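Here is how the chains run, residue by residue.
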There are 2 protein chains.
Amino acid sequence: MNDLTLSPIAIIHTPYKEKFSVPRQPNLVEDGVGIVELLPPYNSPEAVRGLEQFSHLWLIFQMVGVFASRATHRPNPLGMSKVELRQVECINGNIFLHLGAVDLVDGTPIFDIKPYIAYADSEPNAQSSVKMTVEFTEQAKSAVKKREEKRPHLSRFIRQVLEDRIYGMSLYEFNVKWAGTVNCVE
Amino acid sequence: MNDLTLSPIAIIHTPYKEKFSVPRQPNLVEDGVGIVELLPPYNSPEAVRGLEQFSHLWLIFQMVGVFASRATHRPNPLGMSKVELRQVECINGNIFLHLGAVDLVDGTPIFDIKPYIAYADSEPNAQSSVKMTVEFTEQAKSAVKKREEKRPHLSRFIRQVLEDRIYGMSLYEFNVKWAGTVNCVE
C-alpha cells in the first residue's frame, strides 16, 4: 500500500467566496445554491446516467485532535459534504449538477461524486460529549434593488448576516458591509 | 487547482479477507468488528485527543453512471464508511481505534478519520428511484469448537451465510465451505 494521486473531476460554483461567507447552518439559507461543473474527460452523460434518481449527493472535495474535529489542516485535506440534488443538466458537452444549499467556497475542486444513501450514511442518534432581525439602510435598500435584476433574491440571500461595528462579507461579486444594519452593497 | 497526493494515515484490520466476505448488511453481524491502526507519524495521542467523545466515525479509505453508484472503479477510488467507535486505545506508541461492525476488507488503507456528526451527515428521508437458518454438519460443529478458543464467537460470526452447492468464503485465517449447511472449517 503506497500513496495515491487524485485528479479533480469537477469544480464547484458557489455564492460564498471565502470561508467566512459560509453560514454555520447552510440548510437554512435557501439561496446559497451551487452548480457542480464536471471537468474533461469526466463530463460525459454516461458518467451521470441516472444520477437524477437520488435526491442527495456526497461531494469529496479539497480543503482537540485533528481526527476528532472537522478542521482543514489534515494529513489529507479531504472534505465531505452532502448536498441536495436539484437538477442534472446536460448541454453541449457541459454537465452541470445544480445542487441545493451548499457550504463549499466558490471554485473548490471536487474529487468524487457519490449518491447519498440513507441506509449506509444516515445515523441520527450519533452522540458527542440566536435568530437576528435584518435591516437595510436606505442606501442599502437602493443598492440591493439595483442588483435584484441580475441576481434575483439577493435581498433574502442575506439570512447569513441573520447569524464601532462595520464588518465585511463577500457574497458573489459583492462586498456587503454591516439586529444588524447593512450599509453599502458594492 | 492541480492534482493531490495522498498518504495513507492508517490500516484497517477486519475479518473479511476479500470483498465477497462482506455482508450487504454489516450492522447486523455483531462480530464483524475492526481495529484501525494509525501509521507513523500520525499515531500520536495528540492526533486523537477527544476522539472518544463521538460515538461514530467516518473513514475515507482506498477502494448506470459511475457517480450514480458506489462502484470502486472511479477516477478517484475514494470510499467512505461510517463505523461505530468503541474504544480509542493508546499503548507504547501504538494507537488502535477499536471500531464496531465494519464493512472494509482486511488491510485496507485509510486516508482520513473524521467524527460522524449527525447534524451535517444525517439525512434519513434520502430518496431513490430473506433471513436464512444456519446449520453446521457434525464435522463442522467440531472444527468451529476447536477454534472457539482462539477466536471466540466464531460460530455466531456466521450470520454472514445467513444472507451441486459447495460455496466458499474466507473469514479470518479460515475458509468456510457450505437454510444452508456448513461443511468444513479449515
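Details of the nonpolar core
Ranked by size, the top nonpolar core spans 23 residues in total, and within it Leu38(A), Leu59(A), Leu97(A), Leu99(A) and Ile113(A) carry the most contacts. For this core, the secondary-structure elements that each account for two or more residues are β2 (10-13), β3 (33-38), β4 (56-62), β5 (78-91), β6 (94-101) and β7 (109-115) of chain A. Those residues in contact with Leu99(A) that sit more than four places away from it in its chain are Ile12(A), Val33(A), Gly34(A), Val36(A), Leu57(A), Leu59(A), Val83(A), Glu84(A) and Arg86(A). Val83(B), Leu85(B), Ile110(B) and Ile113(B) belong to the second-largest nonpolar core, a separate cluster that totals 22 residues.

Remarks on the interface of chain B and chain A
The partner chain A presents 62 residues to the 62 residues of chain B that form the contact. Considering only the surface of chain B that becomes buried against chain A, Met1(B), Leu4(B) and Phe67(B) emerge as the three largest contributors, covering 13% of it. Counting across the interface, chain B meets chain A through six salt bridges. Linking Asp112(A) and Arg74(B) is a salt bridge whose minimum nitrogen-to-oxygen distance equals 3.6 Å. Our count for the contact surface shared by chain B and chain A stands at 28 residue pairs in polar contact. Put simply, the parts of the chain that give the side of chain B that touches chain A at least two residues each are β1 (4-6), β4 (56-62), β5 (78-91), β7 (109-115) and α1 (118-121) of chain B. With six residues, the single largest contributor to the side of chain B that touches chain A is β7(B). Counted by class, the side of chain B that touches chain A contains 35 nonpolar, 17 polar and ten charged residues.

Examining the sheet that holds β6(A)
Residues and elements named next belong to chain A. Pairing within the closed barrel is antiparallel, and its six strands lie in the order β2-β3-β6-β5-β4-β7. Here the average twist between neighbouring strands, direction ignored, is 45°. In this sheet, β7 lies alongside β4 in antiparallel orientation, the contact comprising five bridges. Within β7, the position partnered with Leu-59 by the bridge is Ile-113.

Overview of the domain arrangement of chain A
All names here are of chain A. Each domain of chain A was delimited in the assignment, giving domain 1 (2-14 + 34-129) and domain 2 (15-33 + 130-186). Between domain 1 and domain 2, the C-alpha centre-to-centre distance is 25 Å. If you look at the interface, domain 1 gives 13 residues, while domain 2 gives twelve residues. Buried area between domain 1 and domain 2, both sides added, is near 910 Å², and the carbon and sulfur share of it is 57%. The largest contributions to the domain 1 side of the interface with domain 2 come from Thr-14, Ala-101 and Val-105, which together make up 44% of the buried area. One can count one salt bridge joining domain 1 with domain 2. One salt bridge connects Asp-106 with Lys-17, and the closest N-O pair in it is separated by 3.7 Å. Counting the contacts that link domain 1 with domain 2 gives three residue pairs in polar contact. For the side of domain 1 that touches domain 2, the element with the highest residue contribution is β6, accounting for three residues. In terms of residue class, the side of domain 1 that touches domain 2 is made up of five nonpolar, five polar and three charged.

Looking at helix α2 (residues 138-147) of chain B
Residue and element names in this part refer to chain B. Here α2 has its buried residues at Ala-140, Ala-143, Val-144 and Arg-147. Viewed end-on, α2 has its buried residues packed into an arc of 95°, placing them on one side of the element. Away from its buried face, by an angle of more than 90 degrees, α2 presents the exposed residues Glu-138, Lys-145 and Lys-146.

Reading the values: rules and limits
Residues numbered from 1 in each chain as written, not as in the entry; some residues may be left out. Chains lettered and ligands numbered in written order. Heavy atoms only, no water. Core = buried A, V, L, I, M, F, W, Y, C linked by side-chain atoms within 4.5 Å. Buried < 20%, exposed > 50% of the residue type's maximum accessible area, 1.4 Å probe, protein only. Helix = DSSP H or I, 4+ residues; strand = E, 2+ residues; numbered from the N terminus. Contact = heavy atoms within 4.5 Å. Buried area = accessible area lost by both parts, 1.4 Å probe. Salt bridge = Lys/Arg side-chain N within 4 Å of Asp/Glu carboxyl O. Polar contact = N/O pair within 3.5 Å; in protein donor to acceptor, adjacent residues only side chain to side chain. Nonpolar A, V, L, I, M, F, W, Y, C, P; charged D, E, K, R; others polar. Pairing = 2+ DSSP bridges. Axes fitted to C-alpha atoms, helices over the stretch in contact; angles between N-to-C directions. Domains from an automatic or database assignment. Arc of directions from axis to C-beta.

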